[PDB]
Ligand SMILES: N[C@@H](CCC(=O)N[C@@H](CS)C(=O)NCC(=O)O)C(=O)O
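Below you'll find only one chain, the form deposited without glutathione (GSH), shown as structure tokens.
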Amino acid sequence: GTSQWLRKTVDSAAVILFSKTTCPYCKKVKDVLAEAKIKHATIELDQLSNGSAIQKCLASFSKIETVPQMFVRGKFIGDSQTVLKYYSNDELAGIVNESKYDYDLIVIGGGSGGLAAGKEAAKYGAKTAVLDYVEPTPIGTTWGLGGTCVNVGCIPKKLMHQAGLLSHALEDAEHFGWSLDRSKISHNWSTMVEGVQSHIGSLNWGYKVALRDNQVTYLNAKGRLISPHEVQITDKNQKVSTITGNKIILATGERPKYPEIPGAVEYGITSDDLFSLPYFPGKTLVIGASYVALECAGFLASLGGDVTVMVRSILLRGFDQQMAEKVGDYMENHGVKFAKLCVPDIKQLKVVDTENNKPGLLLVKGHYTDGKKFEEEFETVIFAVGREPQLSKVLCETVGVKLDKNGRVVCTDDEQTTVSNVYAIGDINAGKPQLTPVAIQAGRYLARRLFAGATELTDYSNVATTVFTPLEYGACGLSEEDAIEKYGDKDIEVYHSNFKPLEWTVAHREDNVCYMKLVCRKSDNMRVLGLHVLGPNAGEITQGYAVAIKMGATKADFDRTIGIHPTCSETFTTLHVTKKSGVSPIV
């Protein structure tokens, strides 16, 4: 138990010192290591409940039971006198740097999870390399270090959402007494894209500075695992070479899919292209119905565009469908058009005017599920029909890393693959929520287990979400239909209410469009299984409740907690109308 933890900790830590807080010889060694700029993990035995047992077990590697003890890459180096001997004879630097491999850790992929992993490992003395490369889109779009969220994901899309929200702030200002006239105000796409891209640029640079200041080697190159410890790299000049590493973290993410139809790749674009597009898209068709499709359609319409969404079957498959229909109804009432139960079968009418900074012109032909036809012209067509990894680019099949039927990596609950020294984090880890804070937590927690003797695992259950559509939708836990399927309708009670933000009263906005509900389990003390809210600032509302749901909140916990007034969130503390009762939820 303790013995197996200690053996695992010693074998994989790069440089680790076993210590006690009260020990003067330990402080002498800490100071030497600090002077020579040798980074290392430290385990203070007096601060652990079984530190006495650990102390005795150390003798199985060192033949001594005393403290301090210093190890490098699985080898006992010495006690106080011996470490200082090596320091005085200028032998220490060579001892702590000798390794069977070029790196203690190679991270393939410089995005949300990979950068978090690599930085955290280097803190504990692991010699670390992070590899990142951005394969260009079909039209040639590329970007800098930081991954999908930073460059073509959460960051630009929420900034563009904020630009859309400010349109309603302009309308509301007149009712609150400000003298502007919203009717005579227009939006400039390229001005906003320039501001968004300058912020993304500051993030690209910040990550390069962070890696430098943690002594992490950054290679802007494509990585390919050719055996358990060997990574083949290809640089911007297509120069090929090989580097070796003890532990390997795969963190290469996904890219957008295109449907297999004529004209899609040639004449459409994806979210990869939209966030740096040099011209306003114009009249736009969005194909798909995921959160990416609806978020992009939403801000495009708020910025004055003529927007249509083509929906194969339902909106937001896998989310609570009552909430998904309320989201879509709001968008349709506020200027988004929908072509429902429809799929595309794309012709070019005009080439993109790269001179005068203007889109082209396209003819889209499709059909509905009953057989009727769709035919209409658009200036821009955006495909948002899912994302996929392409691990054949990354991972030679002879290495032995097992994939599932979707091409994602099959992992243990500590992110280990079928190859003992290789791990996977983020969007390519099969079965896990595909979110940036999940990738960051998995990467940091893994680095600590590998190089600092930590034990804590990442918890992937009940991870909260928010969809940043024009009216936002936050959620934590089960949808209502999944709860009913798992426990039966008679064991589920749902409390719900409409509400109206105080900010919407003077502005003459809608009375009964915002909505929230708690999905509860009767036979388990009215345990809250899922929380759902449609309204402004839905992510800020939802976050804090995710802590309560993690700790097992019941309806009675929500009832005994007092509201903050006036807020939207306080409506969760006084819910009382049940769905079974038939009483209206309106306000």
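The numbering used is simple: start at 1 and walk along the sequence shown.
Although it is not shown, the form solved in complex with glutathione (GSH) is what the next lines describe.
Student: Any chance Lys20, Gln55 and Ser80 all have a heavy atom within 4.5 Å of glutathione (GSH) in the entry with it bound?
Tutor: Contact check passed for all of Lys20, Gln55 and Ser80.
Student: How about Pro68 - does it come within 4.5 Å of glutathione (GSH) in the entry with it bound, if we only consider non-hydrogen atoms?
Tutor: Looking in the entry with it bound, residue contacts with glutathione (GSH) include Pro68, since a heavy atom lies within 4.5 Å.
Student: Can you name the residues of 277-291 that have a heavy atom within 4.5 Å of glutathione (GSH) in the entry with it bound?
Tutor: Not one residue comes within 4.5 Å of the partner.
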